[PDB]
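*Asks:* The structure that follows is given in the form of structure tokens.
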Protein chains: 4
Amino acid sequence: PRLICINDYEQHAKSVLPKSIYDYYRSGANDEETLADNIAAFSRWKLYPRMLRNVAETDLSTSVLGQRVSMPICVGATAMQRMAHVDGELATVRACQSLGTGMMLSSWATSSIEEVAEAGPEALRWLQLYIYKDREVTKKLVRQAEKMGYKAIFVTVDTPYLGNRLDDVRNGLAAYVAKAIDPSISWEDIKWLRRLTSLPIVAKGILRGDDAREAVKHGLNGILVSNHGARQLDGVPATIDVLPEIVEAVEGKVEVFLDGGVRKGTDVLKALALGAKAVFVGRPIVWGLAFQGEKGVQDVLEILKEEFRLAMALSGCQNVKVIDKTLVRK
Amino acid sequence: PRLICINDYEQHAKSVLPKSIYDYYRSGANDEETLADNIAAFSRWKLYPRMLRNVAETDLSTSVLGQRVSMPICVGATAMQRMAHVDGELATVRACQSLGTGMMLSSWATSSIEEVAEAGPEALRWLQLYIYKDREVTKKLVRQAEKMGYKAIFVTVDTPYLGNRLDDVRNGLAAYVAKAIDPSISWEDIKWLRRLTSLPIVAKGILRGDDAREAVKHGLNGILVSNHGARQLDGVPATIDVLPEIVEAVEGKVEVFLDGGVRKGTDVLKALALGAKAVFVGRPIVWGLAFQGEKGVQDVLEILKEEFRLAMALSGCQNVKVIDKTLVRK
Amino acid sequence: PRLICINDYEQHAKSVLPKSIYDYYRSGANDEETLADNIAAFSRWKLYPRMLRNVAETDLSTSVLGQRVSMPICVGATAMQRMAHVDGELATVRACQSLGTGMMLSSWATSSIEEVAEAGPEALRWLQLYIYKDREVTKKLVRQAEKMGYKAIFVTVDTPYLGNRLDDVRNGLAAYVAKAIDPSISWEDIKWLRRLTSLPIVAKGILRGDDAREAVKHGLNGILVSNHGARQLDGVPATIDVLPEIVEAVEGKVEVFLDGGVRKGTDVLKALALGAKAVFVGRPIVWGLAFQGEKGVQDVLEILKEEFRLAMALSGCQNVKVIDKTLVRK
Amino acid sequence: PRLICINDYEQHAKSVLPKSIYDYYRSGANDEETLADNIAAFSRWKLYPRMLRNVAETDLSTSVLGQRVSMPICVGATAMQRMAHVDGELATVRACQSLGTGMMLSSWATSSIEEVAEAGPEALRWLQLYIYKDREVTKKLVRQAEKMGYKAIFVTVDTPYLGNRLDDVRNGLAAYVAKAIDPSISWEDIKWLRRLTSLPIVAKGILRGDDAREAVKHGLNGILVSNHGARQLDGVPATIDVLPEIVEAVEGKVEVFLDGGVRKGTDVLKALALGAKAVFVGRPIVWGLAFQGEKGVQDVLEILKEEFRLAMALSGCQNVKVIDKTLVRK
Ligand SMILES: Cc1cc2nc3c(=O)[nH]c(=O)nc-3n(C[C@H](O)[C@H](O)[C@H](O)COP(=O)(O)O)c2cc1C
Ligand SMILES: Cc1cc2nc3c(=O)[nH]c(=O)nc-3n(C[C@H](O)[C@H](O)[C@H](O)COP(=O)(O)O)c2cc1C
Ligand SMILES: Cc1cc2nc3c(=O)[nH]c(=O)nc-3n(C[C@H](O)[C@H](O)[C@H](O)COP(=O)(O)O)c2cc1C
Ligand SMILES: Cc1cc2nc3c(=O)[nH]c(=O)nc-3n(C[C@H](O)[C@H](O)[C@H](O)COP(=O)(O)O)c2cc1C
Ligand SMILES: CCCOc1ncccc1CN(C)c1ccc2n[nH]c(C(=O)O)c2c1
Ligand SMILES: CCCOc1ncccc1CN(C)c1ccc2n[nH]c(C(=O)O)c2c1
Ligand SMILES: CCCOc1ncccc1CN(C)c1ccc2n[nH]c(C(=O)O)c2c1
Ligand SMILES: CCCOc1ncccc1CN(C)c1ccc2n[nH]c(C(=O)O)c2c1
């Protein structure tokens, strides 16, 4: 069928995936208050476009942690991509290479670090890391990322335990993940990881300014403002609503990124107006895989790219450097 | 059937137009957040009527850019009127002549500038203009408007590219329009147009006070606060909500007008209380054409006129000069 | 059937009245924004009950314009009561006599001033007045009210013209009323009426503090904060929301009353906490007549009385003198 | 069936109880505005979790009125437990003994004070008291609570009369309760009860800071911020919304508790962040009994315990002493 926006990709995925797999991907934690809010919050921020600026030649390119990208829209870590499409993470990395954007690989990816680097040798690639109770396997992942040309580590800090998604309980794996992830992870473990690698490290899952300041103090290189796609603690705010406090807190010392609820080009524009360098998408990528593997991911990323180009042009922004805080008001 | 308010005209149009044509007229951009808000915002502004003022002889007349009109309710530019009714823009201009109000003719009208002036020789007529990549045809339209007795140019400034209306993609023309409209349009092109004609020029599609001030600085003669009927950038505010900032910004130097969401006489009263000189209606006119051509447009304009008369009388306003800011609070 | 609250009476009335008659009674003006708000606004004001006050002997009695009543809940003027029940206004006045509360008789009542006084000789009775273009018949009504033992005039000031209720247009009388009511009514006509009678006069339909102050300056004896049951100008605020401004404006010089949306005993308590002396009910009385004439009106008034007694007791109020502004917050 | 959250227990109870019994348990007063708000209010308070704190060993234990409990989640008084399950209050007290939390026994319990103490000899048990018109039976209950090892009296102060639950009227007992409960109860009766027993006394049903201060002045030992599960006066605020004012008012002199709307572990966390020592649950316990008596109550309490453990861990709280006001914002 004819899919023209990200919601059409979700609707198609619901129509072709087994219910248990669609529910795993769609679900948030508990009553899904934050899942609704990640989307509703973007709608509350209103755009104040400038007219007559000359937007004939819109340039979406930017950089993430010193590496050039084609657009401020990157693929976030999502476990279990092979349940959406046989090609899983290799399909995703091939789409990212085509688009000129970066892929954050889950540390629970079915495809190995090496396999993804072999499928996307020229793709910008980052590794998402959990600090596992087994620090030997944690270290081995970081060293493999270094050796295979990955350009940053995104350490997930909001998952001492996995969240309670009610459909997953109504429909093994979760127990095996709980056995592996360390609930004792502290700032001392961040000091260890900062000593372990010279790669840029981003703290993924920060929601408070004081924690963002502590990440800067520990010599990390970025914050990804994230509520884990509303899958961890329900009743946290929308990421777009905490973004301004986090940008204020880090005083320009490190790049700030956002995920959670990005579905449209205007969502990207609002996040950049509030000070994010770039945004990451989770579920939209899975819906792309479910439609048509590599070509479906490419289509989702091209829809977001073109929606973002149009939103930039209609708001009077030739390039991402002129996106400013006066474009948005809540 | 018996149609007694503007929403009844829309419902009738949905019942008789081909789905693709109804959807073209009804649709807003993307998720249609602004389309809903243009209407909902009017409901948030509450009326504080004065009693016992003597409203036996209500006078709705006013002026637009120095020309007398019967009511502060005028017809906005809407392309493709011949898809609603065979008589298209000639039906509309004949209704405007009957009512004593003005018609803004789209520059993509099926009827020529001359043909409309021949159908409505005594009608107040304005030309809506896009600055086309072809500046020769742009100049020719302005000269034809001058020669055929049009009294102002409304230059549309919010359309460097056309918006993404999802139903139009689900259901050629849009490509031909994208080929013609210039995305490079800047304030330098406004200086060119201000030098090209002595007619009054109104900037249509301003949403920011700073842009309104720049339009005054370039010697334009009015601002039409407009989000293009919520068809361009989705997630901009409702026009009624940005109107007060724009009125404040221009410090009484030029007339300020409003379109977007006007469906009822109380909408007209709220816009005038917040400082608009007059309001324009888009979609209601198309629904009038779909019902009964000239007589349907006349009926829609008479419903709005009489709703407005009643709202003025119930709020204690004998004429538009006594409509003041204390009538409304958000 | 078993009707235990005012909404059950409405539901029963919808089930037994001809659609055109139910719609006439239920309807508000235009899109019915104020009709919804008159009810929703009461829900936004929250109650802060005091505990342990000794509410064994609750006393609901008060006074209206110097006359004792059994409860601060009185019957408002509603035209056309004989369309709900053959006994119409005689049923209503007999119920008011039983309850010990007052009845405001519409000046468009089917039963004459004399007939109502004959049915309810010991009932507290007031006359609602329109200043008719025919000042002779206006004067004759006031003199008949004086002669037949009525204790006040409620002059309706929000109806220069009748409102636009869409169902009445979809389903004669309205034209005959428009022919009779004077749209020229001004404060000069209030000076005339204040000279015409020594009875207490209440201005019914004031929504602004400045108009309330003008009513005090003209020697009127009360304000009834009213939007005519949301049937006149749509998009005015809820009466409960403007009540505090009007109470503030009159500085205790005259009694302030409220109608619009009273359906429950807690509505009565909120209006008294915000400074109203008493409240009036319109539609609930008509639903009572539709159920069972006099006995139905008596039942509606007894439900409101007992709901109000319970709300007073649960909030720690022994009598209406201890109802204070700290009981409510918006 | 597989019940994994408290709402699933309610849905199951609706499926197995007679409608009249389900409606008795579910219902709130009048239009049930407060019943909806007790739940909606928790959703408006947002959580600001701290990351990287080391939550490997979460400790939920606390104390209530000097007695250790396993978790800050206790069973509130609910009359008529034997209508949900044959074992009624004996099932409930056996579940509380298993969990290591306390049970507040209704003074209208079917099981006697002695019978409950015999079923749960090692359970933490409190008596909820009404001051009955018969002060002899009131005194006898307090003495029996003392003799049978109960550790506090919760005196209910928001019930001079029972509330108006509309389904109970649509579907005897209520008349017998109205005959027994004294509407004259004042602060003088609290002085009497404070002289009658040396047990800790908690005032249950306070919604105002000034009343909370008066309870402290009368030598009571705690406040239970309660609106009686929204069953008394409708249109009072949600308990979570008045909690902060009550905590502020008592200046740390006495413990403050909350009930009303607790359904999830994040509700418990929000109440403790705003200064409650512990929370009580009413309806969830009845749904547990309806499912499977003692084992159903145990399951409900274990679901709340584990939800609360997870919410504490995901918010960076090792124990209840580190739960602070910066975790929440409205
Ligand atoms: C199915 C699924 C699997 C995910 N797996 C991971 C993971 O393994 N590691 C991780 O750090 N984040 C994971 N996330 C969270 C995402 O990285 C990101 O925070 C979130 O998906 C963004 O929200 P969105 O889905 O609304 O874009 C996952 C999210 C989803 C929906
Ligand atoms: C079907 C349609 C066609 C339109 N065509 C034009 C156009 O050619 N030029 C223009 O400046 N505005 C155009 N507009 C925008 C209107 O001039 C106006 O901004 C808008 O219709 C007002 O909102 P309303 O439809 O809620 O009244 C169009 C709007 C619609 C709905
Ligand atoms: C059917 C109907 C007839 C009414 N007739 C009159 C009238 O003749 N004169 C008048 O002053 N107000 C009239 N009112 C307005 C009421 O006096 C009062 O303002 C309103 O009914 C109160 O709102 P409620 O219906 O929500 O209680 C009427 C209202 C209704 C619903
Ligand atoms: C069916 C039912 C019976 C109750 N019986 C009593 C009672 O006998 N005494 C009392 O003090 N509170 C009683 N309550 C109120 C509870 O103690 C508590 O305030 C309320 O249930 C908490 O709200 P929740 O049900 O949302 O948890 C009762 C509540 C319900 C729902
Ligand atoms: C149909 C697939 C069901 O896959 C699961 N079901 C239950 C639990 C875990 C998984 C998958 N795994 C291994 C992970 C691993 C790390 C993760 N980080 N975040 C998430 C998430 O889902 O939000 C993670 C999921
Ligand atoms: C059934 C008719 C489909 O007509 C189209 N369909 C798609 C694209 C364009 C058109 C019509 N044309 C030529 C224009 C021209 C200028 C415009 N300015 N604003 C609009 C608008 O629709 O908001 C414009 C539309
Ligand atoms: C089925 C009955 C239809 O009765 C009508 N139908 C239409 C118009 C008038 C009436 C009734 N009349 C005579 C009046 C007279 C004075 C009034 N003041 N307020 C109202 C009101 O309805 O709000 C009034 C109605
Ligand atoms: C199917 C059972 C219907 O039980 C009733 N029906 C109506 C009235 C009373 C009861 C039960 N009784 C004796 C009590 C006694 C004290 C109470 N305190 N609060 C409540 C409450 O329901 O909120 C109370 C109920």
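*Asks:* Is it true that some residue in region B:80-99 is within 13 Å of ligand 2 (Cβ to nearest atom) and within 21 Å of B:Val254 (Cβ to Cβ)?
*Replies:* No, the conditions are met nowhere in region B:80-99.
*Asks:* Additional query: In this structure, is C:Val297 within 21 Å of C:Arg2 (Cα to Cα), β-branched (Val, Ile, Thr) and crowded, with 20+ Cβ neighbours inside 10 Å?
*Replies:* Here the answer is yes, as C:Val297 does meet what is asked.
*Asks:* List the number of the failed condition for D:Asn227; all other conditions in (1) away from chain C (no Cβ under 12 Å); (2) buried (at least 24 other Cβ atoms within 10 Å of the Cβ); (3) touching an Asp or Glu at 6+ places or on another chain (Cβ under 8 Å) hold.
*Replies:* The number of the failed condition is (1).
*Asks:* So which residues in region B:163-184 are within 9 Å of chain A (Cβ to nearest Cβ) and in contact with a strand residue (DSSP E or B) (Cβ under 9 Å, 6 or more places away or on another chain), if there are any at all?
*Replies:* B:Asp182
*Asks:* Just for strands (runs of 3 or more DSSP E) wholly inside region D:48-115: which have at least 2 residues that are within 16 Å of ligand 8 (Cβ to nearest atom) and touching a strand residue (DSSP E or B) at 6+ places or on another chain (Cβ under 8 Å)?
*Replies:* Answer list for region D:48-115: D:102-105.
*Asks:* Quick check on D:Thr58: is it within 30 Å of A:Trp192 (Cβ to Cβ) and more than 16 Å from ligand 5 (Cβ to nearest atom)?
*Replies:* It is true that D:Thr58 is within 30 Å of A:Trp192 (Cβ to Cβ) and more than 16 Å from ligand 5 (Cβ to nearest atom).
*Asks:* In region D:311-330, what count of residues is obtained for those that are part of a helix (DSSP H, G or I) and over 13 Å from D:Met71 (Cβ atoms)?
*Replies:* Of the residues in region D:311-330, 7 are part of a helix (DSSP H, G or I) and over 13 Å from D:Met71 (Cβ atoms).
*Asks:* I've got another one for you. So in region D:185-200, with the set limited to residues that are away from chain C (no Cβ under 11 Å) and of a type in the set (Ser, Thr, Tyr), which one is nearest to C:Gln318 (Cα to Cα)?
*Replies:* For region D:185-200, the residue satisfying everything is D:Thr197.
*Asks:* Oh, and also: Across region B:1-26, what is the number of residues that are of a type in the set (S, T, N, Q) and within 11 Å of chain C (Cβ to nearest Cβ)?
*Replies:* Result for region B:1-26: 1.
*Asks:* Which one of the conditions (1) under 16 Å from A:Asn7 (Cβ atoms); (2) surrounded by fewer than 24 Cβ atoms within 10 Å (Cβ to Cβ); (3) of a type in the set (A, V, I, L, M, F, W, C) does A:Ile285 fail to meet, given that it meets all the rest?
*Replies:* (2)
*Asks:* Oh, and also: Restricting region B:1-55 to residues that are under 22 Å from the mean Cα position of the chain (by Cα) and β-branched (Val, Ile, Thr), which is nearest to ligand 4 (Cβ to nearest atom)?
*Replies:* Once the filter is applied, the top-ranked residue is B:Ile39.
*Asks:* Can you spot a residue in region C:256-275 that is farther than 30 Å from C:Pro1 by Cβ and part of a loop (DSSP other than H, G, I, E, B)?
*Replies:* yes
*Asks:* Moving on. Taking region B:243-271 as the search range and keeping residues that are surrounded by 24 or more Cβ atoms within 10 Å (Cβ to Cβ) and within 26 Å of B:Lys217 (Cβ to Cβ), which one is nearest to ligand 7 (Cβ to nearest atom)?
*Replies:* My answer is B:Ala271.
*Asks:* Residue under question is C:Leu127, and the condition is that it be of a type outside the set (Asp, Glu) and part of a helix (DSSP H, G or I); does it hold?
*Replies:* Answer is no for this residue.
*Asks:* Taking D:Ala29 as meeting all but one of (1) assigned to a loop (DSSP other than H, G, I, E, B); (2) within 26 Å of D:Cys317 (Cβ to Cβ); (3) more than 14 Å from chain A (Cβ to nearest Cβ), write down the number of the exception.
*Replies:* (2)
*Asks:* I'm told B:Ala36 meets every condition in (1) buried (at least 21 other Cβ atoms within 10 Å of the Cβ); (2) within 22 Å of B:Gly163 (Cα to Cα); (3) not aromatic (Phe, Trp, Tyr) except one. Can you identify the failing condition by its number?
*Replies:* Here B:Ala36 clears every test but (1).
*Asks:* Scan B:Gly66, B:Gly100 and give me the residue that is among the small types (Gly, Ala, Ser), more than 16 Å from ligand 6 (Cβ to nearest atom), closer than 13 Å to B:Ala278 by Cα and over 14 Å from the mean Cα position of the chain (by Cα).
*Replies:* B:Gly66
Conditions tested, residue by residue: (1) within 12 Å of chain A (Cβ to nearest Cβ); (2) hydroxyl-bearing (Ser, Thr, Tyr); (3) out of contact with any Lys or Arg (no Cβ under 8 Å at 6 or more places or on another chain).
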residue: B:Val202; (1), (2), (3): no, no, yes
residue: B:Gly205; (1), (2), (3): yes, no, yes
residue: B:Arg208; (1), (2), (3): yes, no, no
residue: B:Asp211; (1), (2), (3): yes, no, no
residue: B:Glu214; (1), (2), (3): yes, no, yes
residue: B:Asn221; (1), (2), (3): no, no, yes
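*Asks:* Of the residues that sit in region A:49-74 and are closer than 26 Å to B:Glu33 by Cβ, out of contact with any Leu (no Cβ under 6 Å at 6 or more places or on another chain) and within 9 Å of another protein chain (Cβ to nearest Cβ), which one is surrounded by the most Cβ atoms within 10 Å (Cβ to Cβ)?
*Replies:* For region A:49-74, the residue satisfying everything is A:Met51.
*Asks:* Just need a number here: residues in region D:1-22 that are part of a helix (DSSP H, G or I) and buried (at least 17 other Cβ atoms within 10 Å of the Cβ).
*Replies:* Looking only at that region, the number is 8.
*Asks:* Say we look at region A:149-201 and pick out the residues that are away from ligand 5 (no atom under 12 Å from the Cβ) and among the charged types (D, E, K, R); which of these is farthest from the chain's Cα centre (by Cα)?
*Replies:* Filtering first and then ranking leaves A:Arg170.
Because the Cβ atoms are built from the backbone with ideal geometry, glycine has one as well, and the counts that use them run over all protein chains shown. Only the coordinates and a few stated rules stand behind these numbers; no lab work does.
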